Structure formats: C-alpha cells, structure tokens
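The chain below stands alone and is given in structure tokens; this is the form deposited in one PDB entry.
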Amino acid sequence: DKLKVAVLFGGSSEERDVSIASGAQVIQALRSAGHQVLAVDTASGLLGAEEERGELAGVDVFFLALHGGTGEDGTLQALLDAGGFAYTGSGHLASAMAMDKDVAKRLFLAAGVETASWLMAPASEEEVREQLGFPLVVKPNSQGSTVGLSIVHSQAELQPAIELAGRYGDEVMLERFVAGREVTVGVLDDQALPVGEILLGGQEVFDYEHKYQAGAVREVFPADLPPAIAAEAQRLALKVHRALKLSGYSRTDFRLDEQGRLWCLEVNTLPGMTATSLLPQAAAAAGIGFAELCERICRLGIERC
C-alpha cells in the first residue's frame, strides 16, 4: 500500500541548488503515485503551504534528496541510524567511502576496476612530472557536480588549482587526465541500467554549468557504443557498487579513452534526481518511469533498514 515519505533536501553543501531541484522532482513524483509526502529543507525545516508552492511521526522512510557534504558522506546516515529511522540510498560506511574519491579508487583497484593514477596534494614538481604528466585533473577529494575542479596544463597552473580545490574540503586529488568520451552507468538494486554518454563537444570536462542547464549538452541513453564496451562499463559499475557495499542505487562515472579502455572516476550514492539528471534517464531507457523509480528506491531503503 501507500507510504508516508519525508523528502529531505537542500542542506548546506555546494550542491544545495541541485538538491532543491532533485527534492522538487521527487516530491511531485511520489505524490503522483499517491504517497503522502512531507517536504523538509534540512537548512530550515518542514515547508508550509506557501513555501512548497510531529508531522514526521509515522514516517515510513526518509527519502534523501540531498547531494554532497554531510547529507551524502555518511554523517546524516549515521544520525538516522542512531535514531532508528529508515532512509534511502547507502549506509554510513558505504556513503563515506564513495565520497572519499581517494579511498574509493583504492577499492576500485582492489576490485579489478581500472582507474587513473593519482596523488594527493601536496605533490612536488618531480612527483607530478614522473607519475602524472600533463594535462592533469585537480579536484577536491570529496565534492560533487564538478565543484572545485580544474584542468592543469602546466606546472605553473598547479598551485592555483590546488588552492581552488582546497576551498571546498580538506583533501585535494591530482589525477591523470583521461582524454576521450564521457560515460556513466546507473545501478538500481544490483542491476545495471543502460549506459549513457555525455557529448561534451570541444570541452575537456563536464562542468557545473553544463550539468544542470537544459540542453547545455546532449545525453544519450542507451549510448552509441560497441556492445562489448557498454557491457564492460555495466560489469565494472556493478563491481564498484558491490565493492563499496552500496545499497539501493548509484551512478558510476567513466572516461572512455581513444583505445577503447574504460577508466573509473567515481561512484555517487545520491545521484541527481532532477529533470536533466542522468540516473532518471538511464532508468527510463530501462523502461522505468520516474515515479516508479522513486517508489522503488523508497521500498529498497525500507527493506534495508
């Protein structure tokens, strides 16, 4: 039968605007399926009639429409664990691991999932030149939505990029740049969804502004890939999902180089659920509408907790 769902969204991370967009979509979708939905901005509280345009007693599950920060890195998950509350997405350890890109890439390698060489800042000019080369990617260790990320083409560009990434967290990653195509794989309850490609044109990376403006980039589900490469991307994403002990759903990002080899960048335990977002498009390609997707995520969270 129908659920009472509290959709937690907003928060105080650099991905707050993305989270508000996700929360708005999920609230409408679950209401469309006849569930009772309570909208909670975790930076303010329970929204009234106008703001949407005690009561949480009897809530079956908290839908975590949050992105980044304490909402995605395990902190909120542990808070809800300690309160005995059911929630969607991955648990405390799994969420904390997937947000730490450094730790996650060590586990990718342990699972047989290819990933680009990297160093954590600070790194000397010698270490960078010997192990990484140019161009390279500087990114915060625990951000999302491409926040804080720079492409570094020469040694003189490195320090400003590290300082930029350092404004968004305590650790900074220097990663070998993988030239090629942009591929992403959603997982829903231990099943891979159709692979998607993001067509970047002349751009080096998939940045914040192109991730969340409608029509800024073309996104193709199922991607126009040789069947064996798409099957490999799905095989690897499931290995990542299982390796980090994720639950419910996830979305894994790959770079596909000009030689046909896939390189795993990261996995996201709370991927975007907006209109332009990648995971809903992969689900729709699999035949799963957005409302059904939201309900299934709810029930997977209930079963786990």
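Residue positions are given as counts along the sequence shown, with the first one as 1. The term rigid core refers to the maximal set of C-alpha atoms that superpose within 1.5 Å between the two forms.
The discussion below concerns the form deposited in another entry, not included here.
Only one of 190, 204, 102, 114 has its C-alpha shifted by 2 Å or more between the shown form and the other one once the core is superposed, and that residue is 204. Taking the rigid core as fixed, one finds a CA shift for residue 47 of 2 Å or more between the shown form and the other one. Residue displacement note: residue 295 has its CA displaced by under 2 Å between the shown form and the other one (rigid core superposed).
In this overlay on the rigid core, residue 144 has a C-alpha that sits 2 Å or more away from its partner position between the shown form and the other one.
In that other deposited form, the Cα positions of residue 206 and residue 291 lie at least 3 Å farther from each other than in the form displayed. Relative to what is shown, residue 205 and residue 183 are farther apart in that other deposited form; their C-alpha atoms differ in spacing by at least 3 Å.
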